[PDB]
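Novice: Mind having a look at this structure? Questions to follow.
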Amino acid sequence: XXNXX
Amino acid sequence: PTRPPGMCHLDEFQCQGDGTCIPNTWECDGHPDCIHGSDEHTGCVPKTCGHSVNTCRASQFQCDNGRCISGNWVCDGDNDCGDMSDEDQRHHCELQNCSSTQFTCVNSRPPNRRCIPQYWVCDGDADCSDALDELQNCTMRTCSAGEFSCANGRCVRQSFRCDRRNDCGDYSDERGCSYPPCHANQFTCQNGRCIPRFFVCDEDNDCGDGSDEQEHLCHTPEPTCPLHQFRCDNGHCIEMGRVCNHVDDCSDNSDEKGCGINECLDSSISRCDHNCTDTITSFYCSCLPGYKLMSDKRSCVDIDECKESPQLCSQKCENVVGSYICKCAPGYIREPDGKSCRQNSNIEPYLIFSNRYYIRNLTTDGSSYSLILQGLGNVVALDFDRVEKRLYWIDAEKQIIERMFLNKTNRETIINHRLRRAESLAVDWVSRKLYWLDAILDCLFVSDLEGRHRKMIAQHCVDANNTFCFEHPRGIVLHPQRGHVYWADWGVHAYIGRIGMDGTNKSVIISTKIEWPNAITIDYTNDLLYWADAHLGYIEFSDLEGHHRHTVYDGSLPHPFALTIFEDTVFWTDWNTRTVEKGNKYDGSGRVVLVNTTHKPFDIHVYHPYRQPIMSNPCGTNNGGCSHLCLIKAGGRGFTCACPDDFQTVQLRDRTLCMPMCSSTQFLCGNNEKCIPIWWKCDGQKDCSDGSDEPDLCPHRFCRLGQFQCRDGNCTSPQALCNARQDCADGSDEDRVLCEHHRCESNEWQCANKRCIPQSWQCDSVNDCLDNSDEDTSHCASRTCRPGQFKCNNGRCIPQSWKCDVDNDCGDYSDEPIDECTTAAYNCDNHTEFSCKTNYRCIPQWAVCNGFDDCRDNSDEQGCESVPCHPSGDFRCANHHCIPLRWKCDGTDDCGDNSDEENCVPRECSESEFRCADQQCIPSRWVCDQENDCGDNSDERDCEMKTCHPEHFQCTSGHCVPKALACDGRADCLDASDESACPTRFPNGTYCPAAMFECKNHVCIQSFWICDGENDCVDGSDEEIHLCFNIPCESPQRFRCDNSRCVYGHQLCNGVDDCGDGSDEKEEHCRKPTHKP
Amino acid sequence: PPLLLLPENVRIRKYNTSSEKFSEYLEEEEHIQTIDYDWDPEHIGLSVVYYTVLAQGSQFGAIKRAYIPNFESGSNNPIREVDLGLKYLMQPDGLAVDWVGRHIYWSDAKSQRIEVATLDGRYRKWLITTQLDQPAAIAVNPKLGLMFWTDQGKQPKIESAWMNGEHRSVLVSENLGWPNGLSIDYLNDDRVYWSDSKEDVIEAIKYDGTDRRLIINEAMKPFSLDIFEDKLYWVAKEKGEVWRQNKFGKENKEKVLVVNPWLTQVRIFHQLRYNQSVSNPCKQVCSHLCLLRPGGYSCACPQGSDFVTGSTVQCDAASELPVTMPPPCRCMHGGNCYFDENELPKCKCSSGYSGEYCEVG
Ligand SMILES: *[C@@H]1O[C@H](CO)[C@@H](O[C@@H]2O[C@H](CO)[C@@H](O[C@@H]3O[C@H](CO[C@H]4O[C@H](CO)[C@@H](O)[C@H](O)[C@@H]4O)[C@@H](O)[C@H](O[C@H]4O[C@H](CO)[C@@H](O)[C@H](O)[C@@H]4O)[C@@H]3O)[C@H](O)[C@H]2NC(C)=O)[C@H](O)[C@H]1NC(C)=O
Ligand SMILES: *[C@@H]1O[C@H](CO)[C@@H](O[C@@H]2O[C@H](CO)[C@@H](O[C@@H]3O[C@H](CO[C@H]4O[C@H](CO)[C@@H](O)[C@H](O)[C@@H]4O)[C@@H](O)[C@H](O[C@H]4O[C@H](CO)[C@@H](O)[C@H](O)[C@@H]4O)[C@@H]3O)[C@H](O)[C@H]2NC(C)=O)[C@H](O)[C@H]1NC(C)=O
Ligand SMILES: *[C@@H]1O[C@H](CO)[C@@H](O[C@@H]2O[C@H](CO)[C@@H](O[C@@H]3O[C@H](CO[C@H]4O[C@H](CO)[C@@H](O)[C@H](O)[C@@H]4O)[C@@H](O)[C@H](O[C@H]4O[C@H](CO)[C@@H](O)[C@H](O)[C@@H]4O)[C@@H]3O)[C@H](O)[C@H]2NC(C)=O)[C@H](O)[C@H]1NC(C)=O
Ligand SMILES: *[C@@H]1O[C@H](CO)[C@@H](O[C@@H]2O[C@H](CO)[C@@H](O[C@@H]3O[C@H](CO)[C@@H](O)[C@H](O)[C@@H]3O)[C@H](O)[C@H]2NC(C)=O)[C@H](O)[C@H]1NC(C)=O
Ligand SMILES: *[C@@H]1O[C@H](CO)[C@@H](O[C@@H]2O[C@H](CO)[C@@H](O[C@@H]3O[C@H](CO)[C@@H](O)[C@H](O)[C@@H]3O)[C@H](O)[C@H]2NC(C)=O)[C@H](O)[C@H]1NC(C)=O
Ligand SMILES: *[C@@H]1O[C@H](CO)[C@@H](O[C@@H]2O[C@H](CO)[C@@H](O)[C@H](O)[C@H]2NC(C)=O)[C@H](O)[C@H]1NC(C)=O
Ligand SMILES: *[C@@H]1O[C@H](CO)[C@@H](O[C@@H]2O[C@H](CO)[C@@H](O)[C@H](O)[C@H]2NC(C)=O)[C@H](O)[C@H]1NC(C)=O
Ligand SMILES: *[C@@H]1O[C@H](CO)[C@@H](O)[C@H](O)[C@H]1NC(C)=O
Ligand SMILES: *[C@@H]1O[C@H](CO)[C@@H](O)[C@H](O)[C@H]1NC(C)=O
Ligand SMILES: *[C@H]1O[C@H](CO)[C@H](O)[C@H](O)[C@H]1NC(C)=O
Ligand SMILES: *[C@H]1O[C@H](CO)[C@H](O)[C@H](O)[C@H]1NC(C)=O
Ligand SMILES: *[C@H]1O[C@H](CO)[C@H](O)[C@H](O)[C@H]1NC(C)=O
Ligand SMILES: *[C@H]1O[C@H](CO)[C@H](O)[C@H](O)[C@H]1NC(C)=O
Ligand SMILES: *[C@H]1O[C@H](CO)[C@H](O)[C@H](O)[C@H]1NC(C)=O
Ligand SMILES: [Ca+2]
Ligand SMILES: [Ca+2]
Ligand SMILES: [Ca+2]
Ligand SMILES: [Ca+2]
Ligand SMILES: [Ca+2]
Ligand SMILES: [Ca+2]
Ligand SMILES: [Ca+2]
Ligand SMILES: [Ca+2]
Ligand SMILES: [Ca+2]
Ligand SMILES: [Ca+2]
Ligand SMILES: [Ca+2]
Ligand SMILES: [Ca+2]
Ligand SMILES: [Ca+2]
Ligand SMILES: [Ca+2]
Ligand SMILES: [Ca+2]
Ligand SMILES: [Ca+2]
Ligand SMILES: [Ca+2]
Ligand SMILES: [Ca+2]
Ligand SMILES: [Ca+2]
Ligand SMILES: [Ca+2]
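Protein chains in written order, with the entry's author numbering: chain M, 1 to 5; chain A, 1224 to 1272, 2902 to 3929; chain B, 4055 to 4415.
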């Protein structure tokens, strides 16, 4: 998603 | 011995006024020694020198409202009383055997369980809750071709299809259905019920969840009558001239009934504590500043200005009755205004923040901007150590944790094994430990600062309802004074956890209004918690127990990931704008963008000796005598021994006893320091301190480092061991002794044949362990799902968030109990989730307008042209979607219509990148690495004329290869130069082991590669025909040609000859010789 | 009469300006950019042309050389090409050959450099590799010891320097669009010419950079220039036609050929164009390279290599032996070429012709 390092 | 920078000795009072150290015994001595009298503070010790009510007849039932009904009609299925008195369970409508035709109609919920006297049992019609009357003692039937055909239920009319009603008795007429949108007359309940507008806010729960009667519509505020008009009794905004004017117009003379003499000149009426305000028609009590109007509307309570509002004073607050005093923590000077605190140590702070590919040194004001390290893989989180001036970090592209002094020397890897995806870390500077989190194993670990003695101290779930479990842990801070570990989590049930530093007393801190808590930190002077949310976009601080939250920034933050606090300014890292910003740590004023970044900055830290306060080590100089981990007990008042991850903790009367218990595939060190995997044994790399890892009787090693070696000399990946598949030639990976005590990690589940599989695939209706042990009914029945996962009657395990998912998960619809899912118990998370319009699904809010049908009815993707994108950190697509600004010009179509990539100006390369020929940036270590990385090998261009990296070996062709790959016995350079110039390995002048063939350019391959038709070793010694003149090949498939070569397989019948005379394409073999006629 | 050379994307075609007919030449090639020739260095009768190639994707560009007949006509001869061994080229938009010595000049456009080496490309070394964006075609004036090169990027410039890389200077930088081709009038006081794909004009200026003049205008997107006798040659890139006009710009635009848009350059094949009579100033004292300069010469080393300490002649780099050239088919006057077991080009004479390689008859 928009929150994966 | 010297006092630490800016502070005083362990026994010395420091004056808040000017920082000079005053003797300890001078504190509270009755004399103001300090320049502002801070040594005689408030907390210093003092000195001492019918016939009746409701009863018409005893044979007539008594309704709760006073009505009288016949008692023989009780529990007949209808509310005869009108207030459910005759059908009330507390009126004995329960626990009794309903008799004869009046079946019990087994069900939990009272209203539909009423024992109606049904005379129509087995008629072929559903008559109560589950319609079990057609199954008590009944007969089967065959469906008519016209009506709906319930499989379990009765064959009923088609009007029952998709109507919010259960008709087959098990909702089978509503399974797979949808709902047309409710009309204007029908208000749509949150769970999907269409209710007419006659029932909205009718003080009755008609939807079944209470949505219709929620306070959003059931407030209806009364008139206020603001200034220039006066309110008397209920909203009468009559003129102030109508006040006590002898005209009764203010309802029932609300103002003429009072309006007497001043009632606060005496205690007979007012009894106000602090002040009086006698005014028109009445009076009201009020309190002096520093006191809060108590709930009884009579008296005053002292405000706790510190705990209630830490914003008032900067660092530390001491409450006093009706006021407050703020003192600065040890090491700070209180400014003459009495509120601001200034750091006293002459060491100046500077931000260390973890960019991708770099560790950076940014000064607080923004004047300087330097590099600490460069050329790293991907640094997702780092943390410093003040005691030794070290610097620890994670490298997600290499799955390692390194360390290095601050003067850039002595770089060293400390952890390389069994680290799947480490999300963050922190350094326990007190008891010398290293804490980190991993997202795949979903656990909290702990290790010695040097890497030895790893342990697991938190797993499964955090709470007594497994409502909060490790799903995606991220961010971790320590409070060694109180012995606590804090860590965030951005799973479905996003929260902030807390635990002691030995595993006990785990708890949940924050569990409301939290969706994406990427970051967390503590201000060690305030003892105030801090965190940021990337979705709701806030920066909230709170007390260490989670109470009294306050907002620094409210929704204006695009996407924070890691924050940090020094003095009074908070620095965070924002991914969407790719910037590091700063501002005041309470209100957020004075916002300043410190620097731009070409890559998203992951972590950040203020490096300063004050950021790790000095305090006494509990395990000091002895480790408490524990031979293993000496952890700090919760509360920071004592220590506690422990054992590593594969030892058994046994307690004696006075000494803990940890002994090894590692598996058959694990090797235990001679001095019993730890256990290492068997494939680590016998490789030359001294993994073990005492040296038992590499004996002199060790057999020769053929495999590269990390690869298990079969007994006959072959190689395989470590996961191939004891996997029930013979992966070696002789199957030494399948030897019984290697598997007898096999074990694997917590996230995989073991089968009967000792191959262990992921726990999600267990009882998944698919045979994985080859033995059908994962799909055995006996185990698939008795097993319990791990904490936090709901269990189906089918045996499958699902995450608890998938109950009431609407979509089937268990296959038997065990995960969709409609009756439970349709009540208030499964509402959407308010102001964090989006509710669908037809179904009862609740989806995360950020899935609205994302190019995918989340609500299963396109509700989430409707009206996408109206949603506003973020004012600062968003890019607006042509199809009205919002994407993070970091994804514009990144080179990938993200919006779905190539809006981001249109008119894309190529970006600039960073300090460690090389600009390709077609204007693209790649890592510098990809230049001349024997691979096409710039799309057209333009990186490989012209490198006979440049040196490589310090740790890389250069081939004669200019390519760079890792040094460790040189002289290993295998061709790695393109021209095999890495082996052509280095000496023999054995005293007898032989190059490689006799169990392999030797090529003349000093690279050795396996025996079977000889005359394989391919130039396996670059010199071509294997392809020399004289070798296989004496070597046979596999006659049934390996075509021994006329000149004794053994061309085979796919290169038979090809387009060109490999034997040299075309016999491998001859129309004698490819053409069917007999083909079994 | 001069012979015209026209390289296309796939084939190279030579056209006689007087016979008005085409003839067969090298075929079966892909993605070539520009050509240049040297007039019979061995004095046998076959001149050597140097055609460079570019490549797409994984494969790199290269430079190759081939023979060309100097007599009236030649056909059916199996012309064989050889790769110079110059690796790491993206696209060689510029390429020139120096007959005074055995050096070759070519600028790799994507590598933003100017590369020189031996005729077989052994002692490679970059001349200048700074302050360039899109290095265009290269011109050389051995008599004055000055080269010419241009850039057609965000800073269109025309520059000249010595053949050893020093004394770099810019001729003009104003009223310039996209230069594409360069040419030098060896007889008119070494006057230089250049084109423009944006301004659509051809301008001339002296070697030092004085008296800039607009010779002709509205040339319909010229690409490359060539000056012979008293006329100027240019080719319309967007149409592929070849035109002639007086080099003084006082004559109508005549039409000669109409070719496909794959045409890249127009080059005149004549000895008088280069005036091979110029002697070599080198004393054969240099170890690896002997570059030219006005009034003398200089020694050079391969790229990234330095002289031996204390000396300015001997290079630390190793010296590699030269590369031989395969023999061509010298069959003359309508002869045919054949290869025996020795693979020697044994010609097959036609009727009425005898002798080795079939001369006269
Ligand atoms: C980059 O920066 C790092 C960190 O500052 C420097 O590393 C330090 O270098 C110094 C000087 O070599 C080291 O000091 C020496 O440490 C030895 C080991 O002491 C251990 O125990 C003490 C006490 O608990 C710890 O403080 C210490 O960390 C060790 O664990 C001592 O035995 C040495 O003693 C000798 O010198 C002292 C005076 O300093 C004399 O009194 C003694 O008689 C004896 O001669 C010495 O003190 C220090 O230990 C290093 N740091 C660490 C953490 O190891 C790098 O030097 C620096 N590199 C560069 C190139 O700048
Ligand atoms: C990695 O895995 C591969 C298989 O993929 C192994 O290949 C085997 O290699 C061994 C030798 O290391 C081969 O053994 C040879 O067998 C010959 C007879 O074949 C029969 O017996 C073997 C088992 O030993 C069966 O596999 C086979 O089906 C037949 O039933 C023997 O004649 C050979 O004797 C050699 O040594 C003696 C004593 O010095 C000499 O007198 C002989 O002249 C000869 O040199 C030998 O024992 C085996 O056939 C191979 N199997 C397969 C299927 O390939 C690799 O060995 C292993 N990696 C390494 C490096 O060992
Ligand atoms: C130069 O020197 C190297 C050694 O440095 C020589 O290589 C050795 O060659 C000998 C002869 O083939 C090898 O000895 C034989 O090894 C067999 C396999 O065992 C090895 O591999 C297993 C794998 O599990 C290890 O456990 C084990 O320790 C060995 O490393 C054995 O099965 C053989 O035993 C059989 O023969 C002997 C007699 O030779 C009998 O006594 C036994 O009962 C049995 O029948 C034998 O031991 C040796 O392993 C090789 N070493 C290596 C490392 O290569 C080169 O041949 C030599 N080169 C030249 C040309 O000078
Ligand atoms: C609301 O209630 C408070 C508290 O009762 C009132 O505060 C009072 O303020 C007066 C005026 O400052 C104080 O009187 C002063 O006392 C000192 C010391 O005795 C004396 O030196 C001065 O000359 C003066 O008399 C009084 O002490 C103080 N009350 C208390 C208990 O502290 C306030 O006036 C009230 N305000 C309203 C609007 O009702
Ligand atoms: C991050 O950046 C800051 C600022 O650029 C660095 O601070 C610098 O640190 C060095 C080493 O301590 C200082 O040099 C030393 O100064 C002291 C005092 O004058 C002197 O006694 C020593 O002999 C030495 O000269 C330097 O002055 C200092 N600069 C500033 C402006 O503070 C810091 O070291 C950087 N950190 C890393 C890890 O790179
Ligand atoms: C943990 O789970 C229990 C149920 O086992 C919760 O107790 C229920 O709480 C809900 C409201 O949250 C009530 O409607 C139920 O009546 C309660 N049932 C029982 C039997 O207690 C408990 O509240 C949960 N823990 C917390 C702190 O919420
Ligand atoms: C274990 O965790 C609980 C919270 O889950 C801690 O209880 C709090 O402790 C603080 C400080 O002692 C009190 O101020 C709070 O009132 C407590 N709250 C609750 C709800 O219990 C408890 O202190 C922790 N125990 C240990 C070992 O530290
Ligand atoms: C970041 O980039 C923007 C746009 O180029 C620029 O205005 C801003 O000044 C940069 N940041 C800083 C702090 O200089
Ligand atoms: C629910 O969300 C609304 C905003 O939609 C907010 O006003 C309210 O405070 C929230 N809390 C509840 C449960 O009402
Ligand atoms: C004095 O002690 C402090 C605290 O341990 C620091 O170590 C400081 O560096 C010391 N000062 C000197 C000059 O050694
Ligand atoms: C102080 O002294 C008095 C006598 O003067 C009493 O002993 C009193 O108990 C003392 N207070 C404390 C706290 O010890
Ligand atoms: C399910 O619960 C039992 C106890 O009732 C055990 O804790 C068991 O380990 C659980 N299941 C799994 C897979 O761990
Ligand atoms: C050689 O090249 C590498 C990669 O660019 C480094 O720049 C290195 O410092 C160079 N080595 C020398 C000695 O200049
Ligand atoms: C190669 O190395 C081995 C190491 O034991 C021996 O020194 C051997 O003599 C070496 N071979 C040569 C030719 O020096
Ligand atoms: Ca005092
Ligand atoms: Ca009843
Ligand atoms: Ca019935
Ligand atoms: Ca229905
Ligand atoms: Ca209602
Ligand atoms: Ca009135
Ligand atoms: Ca107070
Ligand atoms: Ca997970
Ligand atoms: Ca959520
Ligand atoms: Ca956001
Ligand atoms: Ca080892
Ligand atoms: Ca296996
Ligand atoms: Ca399974
Ligand atoms: Ca579901
Ligand atoms: Ca969506
Ligand atoms: Ca994009
Ligand atoms: Ca590469
Ligand atoms: Ca190697
Ligand atoms: Ca081979
Ligand atoms: Ca073949």
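The beta-carbon is built from N, C-alpha and C at its ideal position, and this holds for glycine as well.
Hey, is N3370 of chain A's beta-carbon within less than 9 Å of any beta-carbon in chain M?
Specialist: yes
Novice: Along chain A, in chain order, which residues have C-beta atoms closer than 7 Å to that of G4358 of chain B?
Specialist: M3797
Novice: Mind checking the segment 4157–4188 of chain B against chain A and listing, in chain order, the residues whose C-beta falls within less than 8 Å of any C-beta there?
Specialist: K4164, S4165
Novice: Label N3906 of chain A either buried or exposed according to how many other C-beta atoms from any shown protein chain fall within 10 Å of its C-beta, with 16 as the threshold for buried.
Specialist: exposed
Novice: Taking all protein chains shown into account, decide if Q4299 of chain B is buried (16 or more other Cβ within 10 angstroms of its Cβ) or exposed.
Specialist: If you draw a 10 Å sphere on the C-beta of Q4299 of chain B, you find 16 or more other C-beta atoms in it, and that means buried.
Novice: Would you mind giving the Cβ-Cβ distance between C3644 of chain A and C3632 of chain A, rounded to the nearest angstrom? I have them listed as a contact below 8 Å.
Specialist: That pair is no contact at about 10 Å.
Novice: Hey, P4095 of chain B and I4117 of chain B: beta-carbon distance below 9 Å or not?
Specialist: no
Novice: Is the Cβ-Cβ distance between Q3167 of chain A and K3179 of chain A less than 9 Å?
Specialist: By the CB criterion at 9 Å, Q3167 of chain A and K3179 of chain A fall inside the cutoff.
Novice: Would DSSP call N4390 of chain B helix, strand or coil?
Specialist: strand
Novice: Tell me whether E3866 of chain A, by its Cβ, gets closer than 8 Å to a heavy atom of ligand 33.
Specialist: Relative to ligand 33, the beta carbon of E3866 of chain A is positioned inside 8 Å of a heavy atom.
Novice: Report whether the distance from the Cβ of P3839 of chain A to the nearest heavy atom of ligand 14 is below 8 Å.
Specialist: Answer for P3839 of chain A: yes, Cβ within range of ligand 14.
Novice: What residues in its chain sit with their C-beta under 6 Å from that of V4377 of chain B, if we drop five residues either side in the sequence?
Specialist: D4174
Novice: Give, in chain order, every unbroken run of the beta strand (DSSP E) that is at least 3 residues long and sits entirely within the segment 3200–3280 of chain A.
Specialist: 3202–3206, 3210–3215, 3221–3226, 3234–3237, 3242–3247, 3252–3255, 3264–3267, 3274–3280
Novice: Does chain B have any CB closer than 9 Å to the CB of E3792 of chain A?
Specialist: yes
Novice: Using a beta-carbon distance below 9 Å, is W3342 of chain A in contact with chain M?
Specialist: yes
Novice: Who's in the neighbourhood of ligand 12, going by beta-carbon under 5 Å from any heavy atom, listed in chain order?
Specialist: Spelled out in chain order, the answer is A:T3636, A:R3638.
Novice: Three Cβ pairs or more, each shorter than 8 Å: is that satisfied between the segment 3309–3329 of chain A and the segment 3353–3364 of chain A?
Specialist: yes
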